[PDB]
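Engineer: Sharing structure25.tsv below, TSV, C-alpha atoms and all ligand atoms:
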```
chain	number	residue	atom	x	y	z
A	1	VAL	CA	61.32	-10.95	-95.20
A	2	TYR	CA	62.72	-12.67	-92.11
A	3	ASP	CA	61.68	-11.90	-88.53
A	4	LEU	CA	65.04	-12.00	-86.77
A	5	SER	CA	65.06	-12.50	-83.00
A	6	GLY	CA	66.52	-9.15	-81.89
A	7	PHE	CA	68.14	-9.27	-78.44
A	8	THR	CA	66.19	-8.29	-75.32
A	9	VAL	CA	67.74	-5.20	-73.69
A	10	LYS	CA	70.08	-6.30	-70.87
A	11	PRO	CA	69.24	-4.84	-67.40
A	12	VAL	CA	72.09	-2.46	-66.36
A	13	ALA	CA	71.39	-2.43	-62.58
A	14	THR	CA	69.69	-4.44	-59.77
A	15	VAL	CA	67.06	-3.18	-57.25
A	16	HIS	CA	66.29	-5.16	-54.08
A	17	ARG	CA	63.56	-4.34	-51.52
A	18	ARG	CA	62.34	-6.44	-48.60
A	19	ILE	CA	60.91	-5.75	-45.16
A	20	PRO	CA	63.65	-6.57	-42.60
A	21	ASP	CA	61.09	-8.61	-40.58
A	22	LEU	CA	63.10	-8.53	-37.36
A	23	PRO	CA	63.52	-5.19	-35.56
A	24	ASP	CA	66.86	-3.43	-35.42
A	25	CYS	CA	69.11	-4.25	-32.47
A	26	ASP	CA	69.65	-0.52	-31.76
A	27	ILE	CA	72.90	-1.36	-29.98
A	28	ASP	CA	74.16	2.18	-30.60
A	29	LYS	CA	71.14	3.70	-28.85
A	30	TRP	CA	71.87	1.78	-25.64
A	31	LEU	CA	75.66	2.38	-25.99
A	32	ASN	CA	75.07	6.12	-26.62
A	33	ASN	CA	73.03	6.34	-23.36
A	34	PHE	CA	74.70	9.10	-21.34
A	35	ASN	CA	73.85	7.49	-17.93
A	36	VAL	CA	76.79	5.05	-18.18
A	37	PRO	CA	77.36	2.94	-15.03
A	38	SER	CA	80.54	2.40	-13.08
A	39	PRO	CA	82.43	-0.91	-13.30
A	40	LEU	CA	81.25	-1.54	-9.74
A	41	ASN	CA	77.62	-1.50	-10.95
A	42	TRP	CA	78.16	-2.50	-14.58
A	43	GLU	CA	74.96	-2.78	-16.60
A	44	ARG	CA	74.09	-5.84	-18.68
A	45	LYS	CA	71.89	-5.91	-21.79
A	46	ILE	CA	71.12	-8.93	-23.97
A	47	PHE	CA	70.61	-8.36	-27.71
A	48	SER	CA	68.71	-11.38	-29.04
B	1	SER	CA	-9.82	-23.27	-107.44
B	2	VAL	CA	-13.28	-21.74	-107.93
B	3	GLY	CA	-14.16	-21.65	-111.60
B	4	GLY	CA	-10.54	-22.36	-112.49
B	5	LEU	CA	-9.27	-19.38	-110.48
B	6	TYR	CA	-7.21	-19.30	-107.29
B	7	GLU	CA	-7.17	-16.64	-104.57
B	8	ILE	CA	-3.77	-14.92	-104.46
B	9	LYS	CA	-2.56	-11.85	-102.57
B	10	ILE	CA	-0.62	-9.67	-105.02
B	11	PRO	CA	1.31	-6.62	-103.74
B	12	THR	CA	-0.21	-3.23	-104.50
B	13	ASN	CA	2.53	-1.08	-102.95
B	14	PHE	CA	6.17	-1.67	-102.12
B	15	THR	CA	9.30	-0.21	-100.58
B	16	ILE	CA	13.02	-0.98	-100.70
B	17	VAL	CA	14.46	-2.50	-97.50
B	18	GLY	CA	18.19	-2.46	-96.79
B	19	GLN	CA	19.87	-5.43	-95.13
B	20	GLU	CA	23.52	-5.23	-94.15
B	21	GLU	CA	25.69	-8.38	-93.98
B	22	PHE	CA	29.26	-8.66	-92.67
B	23	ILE	CA	31.44	-11.42	-94.11
B	24	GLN	CA	34.84	-11.93	-92.50
B	25	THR	CA	37.59	-12.11	-95.12
B	26	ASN	CA	40.59	-11.50	-92.86
B	27	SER	CA	41.88	-11.94	-89.32
B	28	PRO	CA	44.76	-10.42	-87.34
B	29	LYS	CA	48.08	-11.90	-88.46
B	30	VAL	CA	49.31	-13.26	-85.15
B	31	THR	CA	53.04	-13.94	-85.10
B	32	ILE	CA	54.66	-15.80	-82.20
B	33	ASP	CA	58.39	-15.75	-81.43
B	34	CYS	CA	58.36	-19.39	-80.31
B	35	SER	CA	61.78	-19.34	-78.56
B	36	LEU	CA	61.08	-16.01	-76.76
B	37	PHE	CA	57.60	-17.18	-75.71
B	38	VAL	CA	58.84	-20.56	-74.39
B	39	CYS	CA	62.22	-19.52	-72.91
B	40	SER	CA	62.38	-15.71	-73.03
B	41	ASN	CA	66.18	-15.13	-72.91
B	42	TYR	CA	67.32	-17.89	-70.51
B	43	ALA	CA	70.20	-19.97	-71.93
B	44	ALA	CA	69.38	-23.13	-69.91
B	45	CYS	CA	65.83	-23.13	-71.31
B	46	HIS	CA	67.10	-22.54	-74.89
B	47	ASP	CA	69.47	-25.52	-74.48
B	48	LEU	CA	66.58	-27.75	-73.24
A	101	LIG	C1	2.54	3.40	-100.84
A	101	LIG	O1	2.97	3.53	-99.48
A	101	LIG	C2	3.60	4.78	-99.19
A	101	LIG	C3	4.08	4.70	-97.75
A	101	LIG	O2	3.32	3.76	-97.01
A	101	LIG	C4	2.62	5.92	-99.43
A	101	LIG	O3	3.28	7.16	-99.20
A	101	LIG	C5	2.10	5.87	-100.86
A	101	LIG	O4	1.10	6.86	-101.05
A	101	LIG	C6	1.52	4.49	-101.16
A	101	LIG	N1	1.09	4.41	-102.55
A	101	LIG	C7	0.06	3.66	-102.95
A	101	LIG	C8	-0.24	3.70	-104.42
A	101	LIG	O5	-0.60	2.99	-102.17
```
Write out the structure in this file as C-alpha cells.
Structural biologist:
Amino acid sequence: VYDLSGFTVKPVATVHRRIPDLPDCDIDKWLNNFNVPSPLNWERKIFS
Amino acid sequence: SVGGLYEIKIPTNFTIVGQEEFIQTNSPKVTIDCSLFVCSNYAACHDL
C-alpha cells in the first residue's frame, strides 16, 4: 500500500480586498455641480 | 519471642478490592507527507 501524493485542488479564481487608504477624488461630484461659472469667473479646484 | 512464640496479626475477615491498570499498547499512527509539509505545492521549494 503506497500513499501517493494526490494533487492539491487548483484555485479557479482570485479574490482581492484592501482598504483604499486615500479618499476618492470625487472629481465627478465637483464637475456635476450645477452652479457652473462663466469663463470670466472660471473656478479652480486642485485634486491632490 | 516469648516462650518460643511471636506476636502476629492474622486477618480474621477480608474483602476483594479491585484495582484497574491501563497499559498503553498502541499510539496514533501519525503519517507526514514530507514534501507537502515542507513545500506544500510550490515548485521552487520542491526544486530546492
Ligand atoms: C466481615 O466484614 C463484613 C463487612 O465489614 C461483615 O458484613 C461481615 O459480617 C464480617 N464477618 C466477620 C466474620 O467478621
Engineer: Need to verify the contact set: region 11-24 of chain A, 12 Å, only C-alpha atoms, exclusion of same-chain residues closer than 4 positions in sequence. Can you return it as a ChimeraX atom specification?
Structural biologist: /A:7,28-29,47-48
Engineer: For the contact check between chain B and ligand LIG 101 (chain A), emit one row per residue of chain B within 10 Å, containing the shortest atom pair and the distance in Å rounded to one decimal, counting all atoms listed in the file, chain then rising number order, as a Markdown table.
Structural biologist:
```
| residue | atom | partner | partner_atom | distance |
| --- | --- | --- | --- | --- |
| B:11 | CA | A:LIG101 | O5 | 9.9 |
| B:12 | CA | A:LIG101 | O5 | 6.7 |
| B:13 | CA | A:LIG101 | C1 | 5.0 |
| B:14 | CA | A:LIG101 | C1 | 6.4 |
| B:15 | CA | A:LIG101 | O1 | 7.4 |
```
Engineer: Could you list, as number ranges by chain, every residue within 9 Å of region 27-39 of chain B, counting all atoms listed in the file and ignoring same-chain residues fewer than 6 positions away?
Structural biologist: A: 3, 5; B: 45-46
Engineer: Using all atoms listed in the file, can you tell me which of A:8, A:33, A:46, A:2 comes closest to chain B?
Structural biologist: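 Of A:8, A:33, A:46, A:2, the one nearest chain B is A:8, counting all atoms listed in the file.
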Engineer: For CA of residue 40 (chain B) and CA of residue 4 (chain A), determine how far apart the two atoms are, in Å to one decimal place.
Structural biologist: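 Taking CA of residue 40 (chain B) and CA of residue 4 (chain A), their separation equals 14.5 Å.
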Engineer: So which one's closest to chain A, B:8, B:3, B:48, B:41? Using all atoms listed in the file, please.
Structural biologist: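 Smallest separation from chain A among the options: B:41.
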Engineer: For CA of residue 25 (chain B) and CA of residue 1 (chain A), determine how far apart the two atoms are, in Å to one decimal place.
Structural biologist: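 Atom-to-atom, CA of residue 25 (chain B) and CA of residue 1 (chain A) are spaced 23.8 Å apart.
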Engineer: Find, counting only C-alpha atoms, the residue in A:26, A:44, A:34, A:10 that gets nearest to chain B.
Structural biologist: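 Of A:26, A:44, A:34, A:10, the one nearest chain B, counting only C-alpha atoms, is A:10.
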Engineer: If I take CA of residue 39 (chain A) and CA of residue 25 (chain A), how far is one from the other in Å, to one decimal?
Structural biologist: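 Here the two named atoms are 23.6 Å from each other.
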Engineer: Return the single residue from A:31, A:40, A:9, A:45 that is closest to chain B, with distances computed using all atoms listed in the file.
Structural biologist: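 Closest candidate: A:9.
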Engineer: Between B:4, B:26, B:47, B:42, which residue has the minimum interatomic distance to chain A, considering all atoms listed in the file?
Structural biologist: B:42
Engineer: From the structure block, carefully write region 3-47 of chain B out with N, CA and C atoms; format it as a PDB file, in the first residue's frame.
Structural biologist:
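This is the output file result-v3.pdb:
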```
ATOM      1  N   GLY B   3       8.483 -17.429  75.183  1.00  0.00           N
ATOM      2  CA  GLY B   3       8.213 -18.849  75.215  1.00  0.00           C
ATOM      3  C   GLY B   3       8.291 -19.523  73.867  1.00  0.00           C
ATOM      4  N   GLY B   4       9.080 -18.982  72.945  1.00  0.00           N
ATOM      5  CA  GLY B   4       9.165 -19.524  71.607  1.00  0.00           C
ATOM      6  C   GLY B   4       8.058 -19.097  70.672  1.00  0.00           C
ATOM      7  N   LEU B   5       7.226 -18.140  71.070  1.00  0.00           N
ATOM      8  CA  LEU B   5       6.107 -17.685  70.263  1.00  0.00           C
ATOM      9  C   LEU B   5       6.226 -16.193  69.988  1.00  0.00           C
ATOM     10  N   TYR B   6       5.848 -15.803  68.775  1.00  0.00           N
ATOM     11  CA  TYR B   6       5.884 -14.418  68.337  1.00  0.00           C
ATOM     12  C   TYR B   6       4.468 -13.877  68.203  1.00  0.00           C
ATOM     13  N   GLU B   7       4.322 -12.574  68.416  1.00  0.00           N
ATOM     14  CA  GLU B   7       3.038 -11.902  68.259  1.00  0.00           C
ATOM     15  C   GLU B   7       2.849 -11.515  66.799  1.00  0.00           C
ATOM     16  N   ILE B   8       1.787 -12.025  66.185  1.00  0.00           N
ATOM     17  CA  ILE B   8       1.483 -11.772  64.783  1.00  0.00           C
ATOM     18  C   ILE B   8       0.015 -11.396  64.670  1.00  0.00           C
ATOM     19  N   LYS B   9      -0.283 -10.442  63.794  1.00  0.00           N
ATOM     20  CA  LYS B   9      -1.659 -10.066  63.493  1.00  0.00           C
ATOM     21  C   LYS B   9      -2.106 -10.827  62.252  1.00  0.00           C
ATOM     22  N   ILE B  10      -3.045 -11.743  62.428  1.00  0.00           N
ATOM     23  CA  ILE B  10      -3.553 -12.581  61.345  1.00  0.00           C
ATOM     24  C   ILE B  10      -4.948 -12.089  60.977  1.00  0.00           C
ATOM     25  N   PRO B  11      -5.259 -11.922  59.693  1.00  0.00           N
ATOM     26  CA  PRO B  11      -6.594 -11.446  59.313  1.00  0.00           C
ATOM     27  C   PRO B  11      -7.691 -12.376  59.806  1.00  0.00           C
ATOM     28  N   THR B  12      -8.799 -11.778  60.239  1.00  0.00           N
ATOM     29  CA  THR B  12      -9.984 -12.524  60.627  1.00  0.00           C
ATOM     30  C   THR B  12     -11.163 -12.281  59.702  1.00  0.00           C
ATOM     31  N   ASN B  13     -11.037 -11.354  58.760  1.00  0.00           N
ATOM     32  CA  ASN B  13     -12.110 -11.014  57.842  1.00  0.00           C
ATOM     33  C   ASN B  13     -11.488 -10.280  56.667  1.00  0.00           C
ATOM     34  N   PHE B  14     -12.032 -10.514  55.479  1.00  0.00           N
ATOM     35  CA  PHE B  14     -11.414  -9.988  54.275  1.00  0.00           C
ATOM     36  C   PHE B  14     -12.482  -9.517  53.305  1.00  0.00           C
ATOM     37  N   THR B  15     -12.040  -8.811  52.283  1.00  0.00           N
ATOM     38  CA  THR B  15     -12.829  -8.425  51.132  1.00  0.00           C
ATOM     39  C   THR B  15     -11.982  -8.589  49.879  1.00  0.00           C
ATOM     40  N   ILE B  16     -12.590  -8.413  48.718  1.00  0.00           N
ATOM     41  CA  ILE B  16     -11.875  -8.321  47.457  1.00  0.00           C
ATOM     42  C   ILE B  16     -11.840  -6.856  47.064  1.00  0.00           C
ATOM     43  N   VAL B  17     -10.668  -6.321  46.754  1.00  0.00           N
ATOM     44  CA  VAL B  17     -10.530  -4.961  46.223  1.00  0.00           C
ATOM     45  C   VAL B  17     -10.130  -5.011  44.766  1.00  0.00           C
ATOM     46  N   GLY B  18     -10.762  -4.184  43.939  1.00  0.00           N
ATOM     47  CA  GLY B  18     -10.442  -4.098  42.530  1.00  0.00           C
ATOM     48  C   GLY B  18      -9.519  -2.923  42.269  1.00  0.00           C
ATOM     49  N   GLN B  19      -8.519  -3.158  41.428  1.00  0.00           N
ATOM     50  CA  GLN B  19      -7.529  -2.150  41.079  1.00  0.00           C
ATOM     51  C   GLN B  19      -7.338  -2.177  39.573  1.00  0.00           C
ATOM     52  N   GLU B  20      -7.727  -1.100  38.904  1.00  0.00           N
ATOM     53  CA  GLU B  20      -7.622  -1.028  37.457  1.00  0.00           C
ATOM     54  C   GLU B  20      -6.277  -0.438  37.060  1.00  0.00           C
ATOM     55  N   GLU B  21      -5.669  -0.969  36.011  1.00  0.00           N
ATOM     56  CA  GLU B  21      -4.390  -0.525  35.467  1.00  0.00           C
ATOM     57  C   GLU B  21      -4.514  -0.382  33.960  1.00  0.00           C
ATOM     58  N   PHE B  22      -4.084   0.743  33.412  1.00  0.00           N
ATOM     59  CA  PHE B  22      -4.036   0.951  31.974  1.00  0.00           C
ATOM     60  C   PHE B  22      -2.599   0.832  31.499  1.00  0.00           C
ATOM     61  N   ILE B  23      -2.375  -0.024  30.509  1.00  0.00           N
ATOM     62  CA  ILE B  23      -1.071  -0.181  29.884  1.00  0.00           C
ATOM     63  C   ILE B  23      -1.223   0.177  28.416  1.00  0.00           C
ATOM     64  N   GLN B  24      -0.438   1.147  27.959  1.00  0.00           N
ATOM     65  CA  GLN B  24      -0.528   1.606  26.582  1.00  0.00           C
ATOM     66  C   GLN B  24       0.178   0.616  25.666  1.00  0.00           C
ATOM     67  N   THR B  25      -0.565   0.052  24.718  1.00  0.00           N
ATOM     68  CA  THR B  25      -0.013  -0.874  23.743  1.00  0.00           C
ATOM     69  C   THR B  25      -0.009  -0.307  22.334  1.00  0.00           C
ATOM     70  N   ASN B  26      -0.494   0.913  22.145  1.00  0.00           N
ATOM     71  CA  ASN B  26      -0.647   1.469  20.809  1.00  0.00           C
ATOM     72  C   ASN B  26      -0.638   2.986  20.913  1.00  0.00           C
ATOM     73  N   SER B  27      -0.392   3.629  19.781  1.00  0.00           N
ATOM     74  CA  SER B  27      -0.417   5.079  19.684  1.00  0.00           C
ATOM     75  C   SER B  27      -0.945   5.444  18.309  1.00  0.00           C
ATOM     76  N   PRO B  28      -1.465   6.656  18.137  1.00  0.00           N
ATOM     77  CA  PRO B  28      -1.936   7.070  16.812  1.00  0.00           C
ATOM     78  C   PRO B  28      -0.831   6.973  15.771  1.00  0.00           C
ATOM     79  N   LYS B  29      -1.170   6.400  14.619  1.00  0.00           N
ATOM     80  CA  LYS B  29      -0.214   6.207  13.532  1.00  0.00           C
ATOM     81  C   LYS B  29      -0.123   7.503  12.743  1.00  0.00           C
ATOM     82  N   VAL B  30       0.773   8.379  13.171  1.00  0.00           N
ATOM     83  CA  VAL B  30       0.951   9.662  12.508  1.00  0.00           C
ATOM     84  C   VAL B  30       1.715   9.450  11.211  1.00  0.00           C
ATOM     85  N   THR B  31       1.151   9.937  10.113  1.00  0.00           N
ATOM     86  CA  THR B  31       1.804   9.924   8.815  1.00  0.00           C
ATOM     87  C   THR B  31       1.977  11.356   8.339  1.00  0.00           C
ATOM     88  N   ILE B  32       3.173  11.672   7.858  1.00  0.00           N
ATOM     89  CA  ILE B  32       3.510  13.015   7.410  1.00  0.00           C
ATOM     90  C   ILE B  32       3.869  12.955   5.935  1.00  0.00           C
ATOM     91  N   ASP B  33       3.166  13.705   5.096  1.00  0.00           N
ATOM     92  CA  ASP B  33       3.587  13.942   3.717  1.00  0.00           C
ATOM     93  C   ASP B  33       4.728  14.954   3.745  1.00  0.00           C
ATOM     94  N   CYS B  34       5.968  14.476   3.755  1.00  0.00           N
ATOM     95  CA  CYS B  34       7.123  15.330   3.980  1.00  0.00           C
ATOM     96  C   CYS B  34       7.217  16.462   2.960  1.00  0.00           C
ATOM     97  N   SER B  35       7.040  16.176   1.668  1.00  0.00           N
ATOM     98  CA  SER B  35       7.107  17.214   0.640  1.00  0.00           C
ATOM     99  C   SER B  35       5.978  18.241   0.776  1.00  0.00           C
ATOM    100  N   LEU B  36       4.748  17.818   1.077  1.00  0.00           N
ATOM    101  CA  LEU B  36       3.624  18.730   1.233  1.00  0.00           C
ATOM    102  C   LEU B  36       3.728  19.537   2.528  1.00  0.00           C
ATOM    103  N   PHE B  37       4.255  18.962   3.602  1.00  0.00           N
ATOM    104  CA  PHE B  37       4.536  19.713   4.813  1.00  0.00           C
ATOM    105  C   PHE B  37       5.595  20.784   4.546  1.00  0.00           C
ATOM    106  N   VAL B  38       6.755  20.405   4.014  1.00  0.00           N
ATOM    107  CA  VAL B  38       7.865  21.335   3.805  1.00  0.00           C
ATOM    108  C   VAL B  38       7.546  22.398   2.760  1.00  0.00           C
ATOM    109  N   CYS B  39       7.039  22.002   1.592  1.00  0.00           N
ATOM    110  CA  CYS B  39       6.885  22.878   0.432  1.00  0.00           C
ATOM    111  C   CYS B  39       5.460  23.154   0.001  1.00  0.00           C
ATOM    112  N   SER B  40       4.482  22.465   0.561  1.00  0.00           N
ATOM    113  CA  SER B  40       3.109  22.485   0.071  1.00  0.00           C
ATOM    114  C   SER B  40       3.062  22.150  -1.413  1.00  0.00           C
ATOM    115  N   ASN B  41       2.721  23.054  -2.318  1.00  0.00           N
ATOM    116  CA  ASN B  41       2.701  22.726  -3.747  1.00  0.00           C
ATOM    117  C   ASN B  41       3.508  23.727  -4.592  1.00  0.00           C
ATOM    118  N   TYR B  42       4.536  24.331  -4.005  1.00  0.00           N
ATOM    119  CA  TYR B  42       5.327  25.371  -4.643  1.00  0.00           C
ATOM    120  C   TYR B  42       6.568  24.805  -5.328  1.00  0.00           C
ATOM    121  N   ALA B  43       6.612  24.879  -6.657  1.00  0.00           N
ATOM    122  CA  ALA B  43       7.643  24.238  -7.471  1.00  0.00           C
ATOM    123  C   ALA B  43       9.067  24.677  -7.100  1.00  0.00           C
ATOM    124  N   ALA B  44       9.284  25.959  -6.809  1.00  0.00           N
ATOM    125  CA  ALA B  44      10.599  26.451  -6.406  1.00  0.00           C
ATOM    126  C   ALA B  44      11.090  25.835  -5.092  1.00  0.00           C
ATOM    127  N   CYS B  45      10.186  25.609  -4.136  1.00  0.00           N
ATOM    128  CA  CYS B  45      10.531  24.896  -2.917  1.00  0.00           C
ATOM    129  C   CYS B  45      10.821  23.428  -3.212  1.00  0.00           C
ATOM    130  N   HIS B  46      10.006  22.739  -4.017  1.00  0.00           N
ATOM    131  CA  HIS B  46      10.275  21.341  -4.359  1.00  0.00           C
ATOM    132  C   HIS B  46      11.628  21.154  -5.053  1.00  0.00           C
ATOM    133  N   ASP B  47      12.014  22.086  -5.916  1.00  0.00           N
ATOM    134  CA  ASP B  47      13.328  22.079  -6.549  1.00  0.00           C
ATOM    135  C   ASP B  47      14.454  22.224  -5.522  1.00  0.00           C
TER     136      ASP B  47
END
```
